[PDB]
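A quick write-up on the structure given underneath.
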Amino acid sequence: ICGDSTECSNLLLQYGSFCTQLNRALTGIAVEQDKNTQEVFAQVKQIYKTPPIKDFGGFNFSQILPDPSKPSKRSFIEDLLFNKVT
Amino acid sequence: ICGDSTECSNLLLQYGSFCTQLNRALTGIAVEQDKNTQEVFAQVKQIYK
Amino acid sequence: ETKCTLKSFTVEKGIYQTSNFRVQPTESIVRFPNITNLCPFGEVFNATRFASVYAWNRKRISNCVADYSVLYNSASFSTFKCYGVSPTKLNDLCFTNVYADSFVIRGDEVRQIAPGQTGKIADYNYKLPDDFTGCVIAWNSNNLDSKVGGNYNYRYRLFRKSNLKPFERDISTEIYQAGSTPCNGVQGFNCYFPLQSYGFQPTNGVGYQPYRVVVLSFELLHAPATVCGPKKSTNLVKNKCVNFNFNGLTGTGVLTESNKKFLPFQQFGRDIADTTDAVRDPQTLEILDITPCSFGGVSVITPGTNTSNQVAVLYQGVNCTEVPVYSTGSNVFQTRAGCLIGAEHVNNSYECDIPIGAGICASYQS
Amino acid sequence: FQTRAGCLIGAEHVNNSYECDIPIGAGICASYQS
Amino acid sequence: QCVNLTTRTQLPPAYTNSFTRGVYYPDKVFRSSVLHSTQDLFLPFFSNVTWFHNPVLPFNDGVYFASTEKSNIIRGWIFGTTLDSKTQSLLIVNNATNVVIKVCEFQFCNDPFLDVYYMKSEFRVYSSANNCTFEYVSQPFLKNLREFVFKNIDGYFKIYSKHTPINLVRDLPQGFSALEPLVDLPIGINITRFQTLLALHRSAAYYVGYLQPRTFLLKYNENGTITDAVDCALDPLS
Amino acid sequence: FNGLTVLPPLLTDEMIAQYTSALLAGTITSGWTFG
Amino acid sequence: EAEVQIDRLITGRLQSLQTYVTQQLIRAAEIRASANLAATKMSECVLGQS
Amino acid sequence: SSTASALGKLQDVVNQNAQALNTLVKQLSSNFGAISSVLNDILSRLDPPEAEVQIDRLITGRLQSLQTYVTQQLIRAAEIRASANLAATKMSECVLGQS
Ligand SMILES: *[C@@H]1O[C@H](CO)[C@@H](O[C@@H]2O[C@H](CO)[C@@H](O)[C@H](O)[C@H]2NC(C)=O)[C@H](O)[C@H]1NC(C)=O
Ligand SMILES: *[C@@H]1O[C@H](CO)[C@@H](O[C@@H]2O[C@H](CO)[C@@H](O)[C@H](O)[C@H]2NC(C)=O)[C@H](O)[C@H]1NC(C)=O
Ligand SMILES: *[C@@H]1O[C@H](CO)[C@@H](O[C@@H]2O[C@H](CO)[C@@H](O)[C@H](O)[C@H]2NC(C)=O)[C@H](O)[C@H]1NC(C)=O
Ligand SMILES: *[C@@H]1O[C@H](CO)[C@@H](O[C@@H]2O[C@H](CO)[C@@H](O)[C@H](O)[C@H]2NC(C)=O)[C@H](O)[C@H]1NC(C)=O
Ligand SMILES: *[C@@H]1O[C@H](CO)[C@@H](O[C@@H]2O[C@H](CO)[C@@H](O)[C@H](O)[C@H]2NC(C)=O)[C@H](O)[C@H]1NC(C)=O
Ligand SMILES: *[C@@H]1O[C@H](CO)[C@@H](O)[C@H](O)[C@H]1NC(C)=O
Ligand SMILES: *[C@@H]1O[C@H](CO)[C@@H](O)[C@H](O)[C@H]1NC(C)=O
Ligand SMILES: *[C@@H]1O[C@H](CO)[C@@H](O)[C@H](O)[C@H]1NC(C)=O
Ligand SMILES: *[C@@H]1O[C@H](CO)[C@@H](O)[C@H](O)[C@H]1NC(C)=O
Ligand SMILES: *[C@@H]1O[C@H](CO)[C@@H](O)[C@H](O)[C@H]1NC(C)=O
Ligand SMILES: *[C@@H]1O[C@H](CO)[C@@H](O)[C@H](O)[C@H]1NC(C)=O
Ligand SMILES: *[C@@H]1O[C@H](CO)[C@@H](O)[C@H](O)[C@H]1NC(C)=O
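Protein chains in written order, with the deposited numbering: chain Y, 742 to 827; chain E, 742 to 790; chain W, 298 to 621, 635 to 675, 691; chain H, 643 to 675, 691; chain X, 14 to 66, 81 to 145, 153 to 176, 187 to 247, 263 to 297; chain C, 855 to 889; chain P, 988 to 1037; chain U, 939 to 1037.
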């Protein structure tokens, strides 16, 4: 509102406390976003790992399992999804 | 808010783009209503008799 | 600060936002063009003769340095009043296209020079726009514009079909049809001459003595500046959060050399949303750049007044290069969320107690 | 053409019936073939 | 020093398409990679433009004057109300050296001209000039086409210029190019009509269009040069 | 009116009734297999 | 003075319109939630046994 | 890999957020009835007694714009939270067990 002006700050000071509620709403929004992500993804207690030998009765999961070569440790489909969207 | 008055429109023009947002919101609401009806009712691929 | 913001003498474990940090400007810089020629103002003010009110004299002055202090402090003027700019700030602004209009009116018509004013001179001889910006000066001229033999060279328009548009000149003198029949150049009944003379005499009292009135009109940022006030220009400073006064345009930021490719006719570029980005100094004609001085909120991490009374301070989104009261308190750590002072980085990995961000967080042991 | 939603110009009217891609309203819509 | 010209030269009032020419920079603010919408005076797209193959033409509000002149036969311009000493008049001439801009109560006869002898010095365009207002001199303006835009707003005479080689024979090129601001004259004249000057041999194609107030959308490239424009009211698609 | 307008819905009542008829015929004849 | 009077009328009418739009947004969100519930009920209790 | 427009929802959310930010920052360039849109100029040109009126106009306009932005943000966040709850329920019921 003021952009580093003393007079504007002095005039805004007499409008009561409107800015505290404004900042408190945005803070609640941010905390809610973090809680949403945490409660949608953190569903297990330990980190499991696939065995080095992969013989799943003929089913092929190579397209979805992570690729250690890539630094991101993301799968093929995850890379495609990340590249497709801007 | 002006009722076809030129000077009223000119005076309103210096309040920025409040009305574009208001027009956008109502169109969003209408599209939402059509989507609601379409998804609740259209769930069959064909028409049986 | 945390106690004051929470309005409580006790604080539970967590992270809180107290205030915001911002860098302060150090010095100031002024850059004005290579112009020092004086501005002729007494020639139009101390002129012997002024034109009539219906044929008011107009002059355009540019490429000069004018001092408004010498005009304001002079008490020889009867009326000194401005509209758009306070007089004390006139010396601090640089304008272009200064117009000076001079004319002579009567004692009671001084009120007619005003926006949205109704009368006779205000609508039949000279019309002032509603959105006029500038200033108006008036003074008495009885000792020089009044003759014992009577002054009749001073005339004013009296008859016209309608009113006059602002800044419109009328010189046509044709017989007026005040009835329903053509006059055909006959001044009889229902036919009056549009011009009415004056009876300026020294024996006449107040309200009829001759008065000389001039006006000054300006513009606001329509072209490169040409006429400024008395000011001194300093040099240029690179990589410093300072406030600048480039050609009357004031701002605050850090100035850096820019590689943008202007064209010989612009003065200052921008990107979007009326955000000035690069400017050109009049003296050197260099493509500069403007970047806002860094800022961001500050946060405090505490394990609770129940346990201890030592805290850690995080500056959000700020490079750990310009931290400074608590700068030399403890170690400095650089995160993706900003800089952190008062805590020690470790190579272990435990559960998260007080989240900080970017995947890292702190806990109490220290 | 005249429709329950108003008046349409620049579009032809046909007896056929296809899947709806550019909705217009009142149970009718238009598509590019013209 | 002029006489009535017996040879009543006749130039047919041809009409042709304006296409997409007549765009000039509206201000001096550099922008890059941005789409900016602004409302101002402009020549409407795909309008009807008059081609002359030297009468009196009303000035209206604005004039877009184009000439595919060869060997620089076009000389200058005349502006005024009655083109006589009774009223203030404006004259622009582009002679062999630096140009001349003069504002006086110039007196003109029926057919003013410059003329040349085959050293080259002949100047009898007018007959009298008693009271003058303004004088200005700068660099000369001059197969190759020259486009000029004249605007008289708030006592300011803005002249925007652009010259480009052309290889097409007759019709206007179907392309886009901006018109950078060339000259600003801080003199206010109540113009209503204007003329043209020719370098007659003492021993003819030009295009005229008018401006209207409307809104345009302009695209700026990386270097700040306008490369595309759209008229707001020409087509539902626009 | 004073600047307020009402837009008709895209789906008319007849088409909604036809959808309901199709759903009910499918659930009567074929059981739940048609889903 | 017409600018002053028009300004007062404009600010009042604009404020009222904003209030109306906000109420409409809230009501639309509630109706959307109800429609989602109805769609789920149709999907589950009609196309199969629950 | 080949077909585009398969990720409409996330792109729409991003576009809505960016557009809201853009219009919020663009509203700073409106007179709101005062004589100028930049507060530095009105400070450096005109005396306090009615300059303060001008800043009052600027203040009320900008505060109203900020309030509208905050309310829109709250509505959108509520919608996003509902969608996140649905996603969590689907992930618990269809990934960790046969539904
Ligand atoms: C599972 O599918 C992947 C598909 O990517 C197979 O990987 C391909 O295998 C063929 C045959 O050797 C190679 O020509 C391709 O270059 C491989 N593609 C990639 C991206 O590596 C993989 O072989 C399949 N798994 C099994 C056990 O056959
Ligand atoms: C016009 O003339 C007046 C005198 O009538 C000038 O005013 C004097 O200016 C000198 C400047 O050194 C002062 O010392 C005198 O005290 C002034 N006297 C009065 C009566 O004002 C004025 O400077 C002249 N020029 C203008 C007004 O532009
Ligand atoms: C904080 O500022 C320093 C100083 O510029 C940054 O260090 C520079 O980083 C760039 C890019 O890696 C290098 O090209 C420079 O040579 C570095 N300069 C110095 C003096 O080290 C540092 O990257 C900045 N920190 C952050 C988080 O942006
Ligand atoms: C073309 O016009 C210029 C004016 O721009 C003429 O230059 C003038 O020449 C006369 C004669 O010596 C000088 O008195 C003037 O001072 C010159 N004007 C300027 C601005 O330098 C030039 O002579 C003209 N050329 C012709 C008619 O062939
Ligand atoms: C815009 O400016 C850029 C940067 O100067 C130009 O890019 C290079 O310009 C030089 C000299 O004109 C050429 O030799 C290079 O080949 C250009 N690099 C490219 C094209 O990648 C650019 O030409 C200018 N004009 C435009 C239309 O972009
Ligand atoms: C202004 O004057 C200085 C000092 O004489 C000189 O260095 C500079 O080039 C001048 N600038 C212009 C634009 O003339
Ligand atoms: C926290 O407060 C409780 C109650 O006063 C006290 O028993 C406990 O010791 C406190 N914890 C610490 C770490 O001081
Ligand atoms: C361990 O921490 C120290 C600082 O305490 C650091 O210098 C070192 O690089 C770290 N080593 C590893 C393997 O993380
Ligand atoms: C096809 O449309 C035309 C146009 O009105 C109409 O006359 C004709 O009856 C229609 N035929 C059918 C089979 O719908
Ligand atoms: C211009 O007008 C003439 C008649 O005045 C007409 O013949 C011609 O077709 C018009 N040009 C265009 C492009 O419409
Ligand atoms: C301009 O000149 C025309 C005649 O050419 C005249 O009718 C008009 O009133 C003049 N306008 C002004 C403002 O002098
Ligand atoms: C030119 O100025 C003189 C000097 O006042 C004047 O007498 C003459 O009438 C003016 N010329 C015209 C055409 O008005």
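A virtual CB, placed ideally from N, CA and C, is assigned to each residue, including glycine.
Fully enclosed by the stretch 329-401 of chain W, which beta strand (DSSP E) runs are 3 residues long or longer? 354-358 and 376-379
What residues from chain W crowd round U:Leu-996, counting only those whose CB sits closer than 7 Å? Along the eighth sequence, one-based indexing puts residue 996 of chain U at 58. What U:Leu-996 touches in chain W: nothing, since even the nearest Cβ is about 14 Å away.
May I have all residues whose beta carbon comes closer than 6 Å to any heavy atom of ligand 10, sorted in chain order? X:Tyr-28, X:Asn-30 and X:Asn-61
Cβ-based neighbour list, W:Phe-456, same chain, cut-off 7 Å, excluding 5 preceding and 5 following: Looking up residue 456 of chain W in the third sequence gives position 159. Cβ neighbours of W:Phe-456 beyond the five flanking positions: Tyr-473, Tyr-489 and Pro-491.
Does the pairing of the stretch 37-51 of chain X with the stretch 131-143 of chain X give three or more beta-carbon distances under 8 Å? no
Any idea if X:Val-62 is buried or exposed, counting beta-carbon neighbours within 10 angstroms, 16 or more meaning buried? Residue numbering aside, residue 62 of chain X sits at position 49 when the fifth sequence is read from its first letter. So X:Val-62 ends up on the buried side.
Distance cutoff 8 Å, beta carbons only. Does P:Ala-1020 sit that close to anything in chain E? Locating residue 1020 of chain P in the seventh sequence gives position 33, where the first residue counts as 1. With 8 Å as the cut-off, P:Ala-1020 does not count as an interface residue toward chain E.
Which ranges does the alpha helix (DSSP H) cover as unbroken runs of at least 4 residues, wholly within the stretch 532-611 of chain W, from first to last along the chain? none
Determine the direct distance from the alpha carbon of X:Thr-167 to that of W:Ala-435, and round the result to whole angstroms. Position 138 of the third sequence, counted from the first residue, corresponds to residue 435 of chain W. Position 133 of the fifth sequence, counted from the first residue, corresponds to residue 167 of chain X. Roughly 28 Å separates the two Cα atoms.
Should X:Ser-112 be listed as close to ligand 12, given that the test is whether its C-beta is under 7 Å from any heavy atom? For the purposes of this step, residue 112 of chain X is identified with residue 85 of the fifth sequence, where counting begins at 1. Yes - ligand 12 has a heavy atom lying nearer than 7 Å to the Cβ of X:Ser-112.
With 8 Å as the threshold, decide whether the Cβ of C:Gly-885 is near any Cβ in chain E. In the sixth sequence, residue 885 of chain C corresponds to position 31, counting from 1. No - not a single Cβ of chain E is within 8 Å of the one on C:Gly-885.
First and last residue of the uninterrupted alpha helix (DSSP H) at U:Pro-986: Residue numbering aside, residue 986 of chain U sits at position 48 when the eighth sequence is read from its first letter. It spans 986-1033 - the alpha helix (DSSP H) in which U:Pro-986 sits, taken as one unbroken run.
Residues near W:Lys-300 by beta carbon distance below 8 Å, same chain, minus five either side: Translated into positions along the third sequence, residue 300 of chain W becomes position 3. Excluding residues within five positions, the ones whose Cβ falls inside 8 Å are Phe-306 and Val-308.
Would you call W:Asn-334 buried or exposed, if buried means 16 or more other Cβ atoms sit within 10 Å of its Cβ? Counted from its first residue, the third sequence places residue 334 of chain W at position 37. Under this definition W:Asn-334 is an exposed residue.
Between the alpha carbons of W:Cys-480 and W:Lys-458, how many angstroms are there, rounded? On the third sequence, position 183 is the one that residue 480 of chain W refers to. On the third sequence, position 161 is the one that residue 458 of chain W refers to. Computed Cα separation, rounded: 15 Å.
Report buried or exposed for Y:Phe-797, applying the criterion of at least 16 other Cβ atoms within 10 angstroms of its Cβ. The residue given as residue 797 of chain Y occupies position 56 in the first sequence. Exposed: under 16 other Cβ atoms inside 10 Å.
Taking the alpha-carbon positions, what's the P:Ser-1037 to C:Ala-871 distance? The count along the seventh sequence starts at 1 and reaches residue 1037 of chain P at position 50. The count along the sixth sequence starts at 1 and reaches residue 871 of chain C at position 17. Between P:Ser-1037 and C:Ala-871, the C-alpha separation is close to 25 Å.
When the Cβ atoms of the stretch 531-544 of chain W are set against those of the stretch 322-330 of chain W, are three or more pairs found closer than 8 Å? yes
Short check: CB of X:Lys-187 to CB of X:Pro-209, under 8 Å? Residue mapping note: residue 187 of chain X aligns to position 143 of the fifth sequence, counting from 1. Residue mapping note: residue 209 of chain X aligns to position 165 of the fifth sequence, counting from 1. Yes, they are a contact pair.
Would you list, in sequence order, the uninterrupted beta strand (DSSP E) runs of no fewer than 3 residues that lie entirely inside the stretch 97-122 of chain X? 103-107 and 116-120
X:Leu-18: which of X:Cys-136, X:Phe-106 and X:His-66 sits nearest, CA to CA? The residue labelled residue 18 of chain X in the question sits at position 5 within the fifth sequence. Selected option, being the one with the closest Cα: X:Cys-136.
Using only alpha-carbon positions, find the residue among W:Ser-371, W:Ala-348, W:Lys-386 and W:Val-362 that is nearest to U:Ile-980. As a position in the eighth sequence, residue 980 of chain U is number 42, starting the count at 1. For the residues W:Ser-371, W:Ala-348, W:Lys-386 and W:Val-362, the minimum Cα distance to U:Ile-980 belongs to W:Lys-386.
Within the structure, which residues are defined as neighbours of ligand 4 by a Cβ-heavy atom distance below 7 Å, reported in chain order? X:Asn-122, X:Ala-123, X:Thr-124, X:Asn-125, X:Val-126, X:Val-127, X:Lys-154, X:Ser-155, X:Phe-157 and X:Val-171
Let's test the definition: count the other Cβ atoms within 10 Å of the Cβ of C:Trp-886 and tell me whether it reaches 16, buried, or not, exposed. Counting from one through the sixth sequence, the residue named residue 886 of chain C turns up at place 32. Its Cβ having fewer than 16 others within 10 Å, C:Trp-886 is exposed.
Is the separation between the beta-carbon of W:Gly-667 and that of W:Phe-318 shorter than 8 Å? Within the third sequence, numbered from 1, the residue matching residue 667 of chain W stands at position 357. Within the third sequence, numbered from 1, the residue matching residue 318 of chain W stands at position 21. No.
In three-state terms, what does DSSP make of Y:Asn-824? Counting from 1 along the first sequence, the entry for residue 824 of chain Y is found at position 83. In this structure, Y:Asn-824 counts as helix in the three-state DSSP scheme.
Tell me the residue span of the alpha helix (DSSP H) that contains W:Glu-324. Looking up residue 324 of chain W in the third sequence gives position 27. From DSSP, W:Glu-324 is part of no alpha helix (DSSP H); its letter is neither H nor E.
Please indicate yes or no: does the CB of X:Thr-108 lie closer than 7 Å to some heavy atom of ligand 11? If you number the fifth sequence from 1, residue 108 of chain X lands on position 81. At least one heavy atom of ligand 11 is nearer than 7 Å to the Cβ of X:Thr-108, so yes.
X:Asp-287, enclosing alpha helix (DSSP H) - first and last residue: As a first step, residue 287 of chain X is located in the fifth sequence; it is residue number 228 there, counting from the start. Run containing X:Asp-287: none in the alpha helix (DSSP H); it sits in the beta strand (DSSP E), 285-290.
For a test of the three-state rule: what should DSSP assign to residue 917 of chain U, helix, strand or coil? This structure leaves residue 917 of chain U out entirely; chain U is present only between 939 and 1037.
With a threshold of 16 other CB atoms inside 10 Å of the CB of C:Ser-875, please say whether the residue is buried or exposed. To locate residue 875 of chain C, count along the sixth sequence from 1; it is residue 21. Exposed, since its Cβ has fewer than 16 Cβ neighbours within 10 Å.
Measure the C-alpha to C-alpha separation of W:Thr-478 and W:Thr-470 and round it to an integer number of angstroms. Locating residue 478 of chain W in the third sequence gives position 181, where the first residue counts as 1. Locating residue 470 of chain W in the third sequence gives position 173, where the first residue counts as 1. If you take the alpha carbons of W:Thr-478 and W:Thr-470, they lie about 19 Å apart.
So residue 684 of chain W and W:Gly-550 are in contact, right, with Cβ under 8 Å, and what is the actual spacing, rounded? Inspection of chain W shows residue 675 followed directly by residue 691; residue 684 of chain W is thus not represented.
Under the DSSP definition of a beta bridge, which residues are partnered with X:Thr-208? Within the fifth sequence, residue 208 of chain X is the residue found at index 164, counting from 1. Partner(s): X:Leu-189.
Taking U:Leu-984 and W:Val-433 to be in contact with their CB atoms under 8 Å, please state how far apart those CB atoms are, rounded to whole angstroms. For the purposes of this step, residue 984 of chain U is taken as the residue at position 46 of the eighth sequence. For the purposes of this step, residue 433 of chain W is taken as the residue at position 136 of the third sequence. Incorrect: roughly 17 Å between the Cβ atoms, too far for contact.
When you compare the CB of E:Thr-747 with every CB in chain C, is at least one pair closer than 8 Å? For this step, residue 747 of chain E is matched to residue 6 along the second sequence. Not closer than 8 Å to any Cβ of chain C, the Cβ of E:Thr-747 fails to qualify, so no.
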